[PDB]
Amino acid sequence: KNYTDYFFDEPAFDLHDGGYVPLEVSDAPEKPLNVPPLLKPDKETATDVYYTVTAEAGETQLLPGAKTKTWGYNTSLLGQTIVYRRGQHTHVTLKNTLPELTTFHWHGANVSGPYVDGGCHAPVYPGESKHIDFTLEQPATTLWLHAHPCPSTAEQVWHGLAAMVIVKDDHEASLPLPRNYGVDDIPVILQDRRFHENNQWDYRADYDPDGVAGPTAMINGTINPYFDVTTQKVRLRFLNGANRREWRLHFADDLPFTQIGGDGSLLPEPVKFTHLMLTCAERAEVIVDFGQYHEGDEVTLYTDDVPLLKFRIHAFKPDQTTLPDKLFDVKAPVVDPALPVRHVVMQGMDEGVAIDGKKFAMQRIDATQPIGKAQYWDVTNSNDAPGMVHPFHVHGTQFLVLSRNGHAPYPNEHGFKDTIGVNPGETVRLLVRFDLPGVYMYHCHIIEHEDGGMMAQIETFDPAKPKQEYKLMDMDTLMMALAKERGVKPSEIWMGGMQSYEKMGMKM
């Protein structure tokens, strides 16, 4: 009924790592949580919407003293929240005003690959504009935008390129959920950073091939935030946007909250928690009820023993409303019995990370699957011992979770998901269908692992057609371009991920 324990295997948690960086409460003064504005469309009708999404360098006051140099989408850090709607024709102008190339990846959006998907093979160069057009046919959910060059995605997310994407549909608009964005429905983008001299970031100084975590939590680009509650119920859209950290979320007083949404859909039924764990790139939407609190009270959201976000309780209109027993009808696609069970094995830690025995190669296709055909994917984490949880992510689909070592999925995994935490020794079985042809990455979403090789890619295809040609990114193109952009020789260019490739004697 009420889940008081984190689901993942406790001995594998990040906090047992030899080089774990605990979070430390910053000295900085507490302040209102930043809620990113809603990106104003250029233009909108019932059928169409037009946006311009602009990657940009700038500065952001994060700590007392100097501004921290940051990157962002239509703002200096993170990004304004982008809203998309099932069935609506969407036109996005991607505009790079940074000094380096970037990529615009719509994490969890079921769009064509490899260009609209905006992964490794979709560079936008400084000064360039690219136009994309798509229509999403997927249920309401919380997705996100982040940068995806291969490598280094980790550098560009650390700089600050991430933004929440909200997907609306008609069914979700019929439900009795908080939805007044910025008042009772808010992003809780969870991140960490380490601040250095003059409050700057230095990804390189902090590089660790097993995952970069700093001591200072940063929620929606804010240090020591607090939220003014003016409603009995608040909807929190949790996003783990850290490069590696696991968030182990729970309130003072064990105040319960009820998860209503996962990565790719509403959950079929609400699930009540007191303690909720999220690995990288996972989303969880929860409803918190503040009815048992007096005006003037204060409630604190923690991760482990560390306070993250304070809820200040003001006067609120009482709210009767209960959630229905059924939020969402999961229609599971159908597996053709003549397909194999695909088996995908994540191996290694630190610099040794790999999938199915190999590190990612941007030019090499690792797998194929025909479109419109669901297949069972067995996904294994080989790590022994106590080891670690790797969050596995697949571009271009939302899957369903069928089993964890032959037993039931976790209670909040009965809806659609694009990212899944896999414990050491574990095999999760997934039901994976790709509606669109293209090239799509699959990988660990600990971002240093991804950059450091724990990545592969699948070509999805129409079996009624000849093989397609895709211009794939090559490493020489990337390093000439970054060399020109930084004003250096290709041989002095540094990128997060290189060290993992170099040390195992492997060619990026």
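Residues carry their position along the shown sequence, with the first being 1.
Per-stretch averaging of Cα B factors for 151 to 159 and 318 to 326 places 318 to 326 on top. According to the PDB record, 366 to 374 carries the higher mean C-alpha B-factor of the two stretches 141 to 149 and 366 to 374.
Looking at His407, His393, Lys359, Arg237, the one whose CA carries the top B-factor in the deposited record is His407.
Across the options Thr231, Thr419, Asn199, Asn220, the residue with the most elevated CA B-factor in the record is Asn199. For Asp297, the recorded CA temperature factor ranks within the highest third of the chain's modelled residues. Per the deposited record, the Cα B-factor of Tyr3 falls in the highest third when ranked against the other modelled residues of its chain. In this PDB entry, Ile446 carries a Cα temperature factor that places it within the lowest third of its chain's modelled residues. Among all modelled residues in its chain, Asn110 ranks in the highest third by Cα B-factor. Among the modelled residues of its chain, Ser403 has a C-alpha B-factor that falls in the middle third, as given in the PDB entry.
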